[PDB]
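Asker: The listed protein sequences correspond, in order, to chains A and A'. A prime marks a further copy of an entry chain.
According to the authors' numbering, the first sequence holds residues -4 to 136 in order.
According to the authors' numbering, the second sequence holds residues -4 to 136 in order.
There's a structure below that I have some questions on.
Protein chains: 2
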Amino acid sequence: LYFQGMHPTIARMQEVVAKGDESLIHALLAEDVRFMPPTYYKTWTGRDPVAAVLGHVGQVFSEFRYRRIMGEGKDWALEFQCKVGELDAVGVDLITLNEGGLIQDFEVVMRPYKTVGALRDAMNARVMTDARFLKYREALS
Amino acid sequence: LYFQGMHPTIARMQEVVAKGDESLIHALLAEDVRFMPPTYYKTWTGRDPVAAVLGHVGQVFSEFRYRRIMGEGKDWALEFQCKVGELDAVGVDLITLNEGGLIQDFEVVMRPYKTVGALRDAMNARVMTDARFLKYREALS
């Protein structure tokens, strides 16, 4: 009916990425998924480290909601609005799905500059504190 | 054929926004178009000031090209890659078209943080220097 053009992974991602539930995020990611954050021009590779990073991003954000879900087949752009503390933010999750329907590339773009700076500072604190990231450091390139 | 789902304004925008030709940008914008940059959490309103701002953004960027054109009807996300000097950038032009097919809302999200900072600095210099912006200041809110 109205949702014929919606890919199931994209539908499932909306309900899970918002909440930042790491266990639920893991199942949607390709084994060698590439996550590119809005902060650094780097790439986190692997479902285990990427799910952990996304869990932390979800924790930092408040008042999170998607606004527009745009795309078809394997190429999607999920527009969202949220806050980082008292600062407003708008962003897009750029998703590329593989043949198996799992998230292969997940690239995040955002606005405004000041809120991205606040996100970067919050994420530096979380990643450094989370002792599991001693192992996950190797996944960043 | 392959382009049945493409809106004409979106096709025309690709060939014109890249070049930063202000005169060609003007014709695609609604009279009361709202432009939201990736730098400040503000809005430029009006086809004259918005076309001028977009002309300057096009001038700052180098090696500009769209990667993916995603959407349908009035809702579009145009993913691009470019450089600001030697710094790499990826972004999305979030476009909302009106009933008449003109660009009503144009919101830009980008990555990485450092390149957006470089864009902000370059744009502060251009806008301040361009004497037409004495009149256009009133269009920023």
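Using N, Cα and C, we set each Cβ at its ideal position, and we do this for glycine too.
Have a look at the DSSP bridge pairing and note the partners of A/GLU74.
Answerer: Against the first sequence, residue 74 of chain A aligns to sequence position 79. According to DSSP, A/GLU74 bridges with A/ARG63, A/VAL87.
Asker: Less than 8 Å separating the beta-carbons of A/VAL12 and A/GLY53?
Answerer: Within the first sequence, numbered from 1, the residue matching residue 12 of chain A stands at position 17. Within the first sequence, numbered from 1, the residue matching residue 53 of chain A stands at position 58. Yes, Cβ-Cβ distance for A/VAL12 and A/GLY53 is below 8 Å.
Asker: Starting from A/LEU97, follow the alpha helix (DSSP H) in both directions and report where the run begins and ends.
Answerer: The residue you call residue 97 of chain A lines up with position 102 of the first sequence. Looking at the DSSP string, A/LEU97 is not in any alpha helix (DSSP H), and its letter there is neither H nor E.
Asker: According to a CB-to-CB cut-off of less than 8 Å, which residues of the region 63 to 80 of chain A' neighbour chain A?
Answerer: Those residues of the region 63 to 80 of chain A' that come within reach of chain A (Cβ to Cβ, closer than 8 Å) are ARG63, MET65, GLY66, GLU67, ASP70, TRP71, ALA72, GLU74.
Asker: At least one CB of chain A' closer than 8 Å to the CB of A/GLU58: is that the case?
Answerer: Taking the first residue of the first sequence as position 1, residue 58 of chain A is located at position 63. So, not an interface residue.
Asker: Taking Cβ to Cβ, would you say A/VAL111 is nearer than 8 Å to A'/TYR108?
Answerer: Locating residue 111 of chain A in the first sequence gives position 116, where the first residue counts as 1. Locating residue 108 of chain A' in the second sequence gives position 113, where the first residue counts as 1. In contact: A/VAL111 and A'/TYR108 (Cβ atoms closer than 8 Å).
Asker: On the CB-based measure, 16 or more other CB atoms within 10 Å of its CB, does A'/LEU49 come out buried or exposed?
Answerer: By one-based count along the second sequence, residue 49 of chain A' stands at place 54. With 16 or more other Cβ atoms within 10 Å, it is buried.
Asker: Suppose only complete runs of 4+ residues qualify. What are the alpha helix (DSSP H) ranges in the region 3 to 49 of chain A, listed by chain order?
Answerer: You should have 3 to 12, 17 to 21.
Asker: Using Cβ-Cβ distances below 8 Å, what residues of the region 101 to 124 of chain A' are close to chain B?
Answerer: Considering every chain present, this structure includes no chain B. Its protein chains are A and A'.
Asker: Taking 7 Å as the limit between beta carbons, can you name the residues of its chain near A/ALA46, skipping five residues before and five after?
Answerer: The residue you call residue 46 of chain A lines up with position 51 of the first sequence. Within the same chain, A/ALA46 has close Cβ partners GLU17, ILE20, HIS21, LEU24.
Asker: Taking Cβ positions only, does A'/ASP83 come closer than 8 Å to chain A?
Answerer: Taking the second sequence and counting its residues from 1, the one referred to as residue 83 of chain A' is at position 88. Yes, A'/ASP83 lies at the interface with chain A (some Cβ there is under 8 Å from its Cβ).
Asker: For A'/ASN93, tell me which candidate among A'/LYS14, A'/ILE64, A'/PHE(-2), A'/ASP70 has the shortest Cα-Cα distance.
Answerer: For this step, residue 93 of chain A' is matched to residue 98 along the second sequence. Considering only alpha carbons, the answer is A'/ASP70.
Asker: Helix, strand or coil: how does DSSP classify A'/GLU81 here?
Answerer: Position 86 of the second sequence, counted from the start, is the residue given in the question as residue 81 of chain A'. If DSSP states are grouped into helix, strand and coil, A'/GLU81 belongs with coil.
Asker: Does chain A' have any CB closer than 8 Å to the CB of A/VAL28?
Answerer: Position 33 of the first sequence, counting from 1, holds the residue named residue 28 of chain A. Chain A' contact via Cβ: absent.
Asker: Which residue marks the beginning of the alpha helix (DSSP H) containing A'/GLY112, and which one marks its end?
Answerer: Counting from one through the second sequence, the residue named residue 112 of chain A' turns up at place 117. Element bounds for A'/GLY112: 108 to 124.
Asker: Strictly under 8 Å for the Cβ-Cβ distance: is A'/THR34 near chain A by that measure?
Answerer: Locating residue 34 of chain A' in the second sequence gives position 39, where the first residue counts as 1. Yes, contact with chain A.
Asker: How about A/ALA72 and A'/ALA72: do their beta carbons lie closer than 8 Å?
Answerer: Start at 1 with the first residue of the first sequence, and residue 72 of chain A comes out as number 77. Start at 1 with the first residue of the second sequence, and residue 72 of chain A' comes out as number 77. Cβ distance < 8 Å, so A/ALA72 and A'/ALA72 count as in contact.
Asker: Taking the Cβ atom as the reference point for each residue, do A/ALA120 and A/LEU82 lie within a distance shorter than 8 Å?
Answerer: In the first sequence, counting from the first residue as 1, residue 120 of chain A sits at position 125. In the first sequence, counting from the first residue as 1, residue 82 of chain A sits at position 87. Cβ atoms of A/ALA120 and A/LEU82: not closer than 8 Å.
Asker: Quick test of your reading: A'/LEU135 and A'/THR4, contact by CB under 8 Å. State the CB separation rounded to the nearest angstrom.
Answerer: Taking the first residue of the second sequence as position 1, residue 135 of chain A' is located at position 140. Taking the first residue of the second sequence as position 1, residue 4 of chain A' is located at position 9. Going by Cβ atoms, the distance from A'/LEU135 to A'/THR4 rounds to 25 Å, so no, they are not a contact pair.
Asker: Cα separation between A/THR91 and A'/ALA126?
Answerer: For the purposes of this step, residue 91 of chain A is identified with residue 96 of the first sequence, where counting begins at 1. For the purposes of this step, residue 126 of chain A' is identified with residue 131 of the second sequence, where counting begins at 1. Rounded to the nearest angstrom, the two C-alpha atoms are 43 Å apart.
Asker: Would you grab the beta carbon distance between A'/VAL55 and A'/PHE101 for me? Rounded to a whole angstrom, and I think it's under 8 Å.
Answerer: Here residue 55 of chain A' corresponds to residue number 60 of the second sequence, with the count starting at 1. Here residue 101 of chain A' corresponds to residue number 106 of the second sequence, with the count starting at 1. Their Cβ separation, rounded to whole angstroms, is 16 Å, which puts A'/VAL55 and A'/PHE101 out of contact at 8 Å.
Asker: Nearest-angstrom Cα distance between A'/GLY80 and A/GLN99?
Answerer: Counted from its first residue, the second sequence places residue 80 of chain A' at position 85. Counted from its first residue, the first sequence places residue 99 of chain A at position 104. Going from the Cα of A'/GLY80 to the Cα of A/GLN99 covers about 30 Å.
Asker: With a cut-off of 8 Å, does the C-beta of A/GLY86 fall near any C-beta of chain A'?
Answerer: Start at 1 with the first residue of the first sequence, and residue 86 of chain A comes out as number 91. With 8 Å as the cut-off, A/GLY86 counts as an interface residue toward chain A'.
Asker: Taking Cβ positions only, does A'/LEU89 come closer than 8 Å to chain A?
Answerer: Taking the first residue of the second sequence as 1, we reach residue 89 of chain A' at position 94. Closer than 8 Å to some Cβ of chain A, the Cβ of A'/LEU89 qualifies, so yes.
Asker: Using DSSP bridges, identify the partner residues of A/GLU102.
Answerer: By one-based count along the first sequence, residue 102 of chain A stands at place 107. Note: A/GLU102 sits in a beta bridge opposite A/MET31, A/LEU89.
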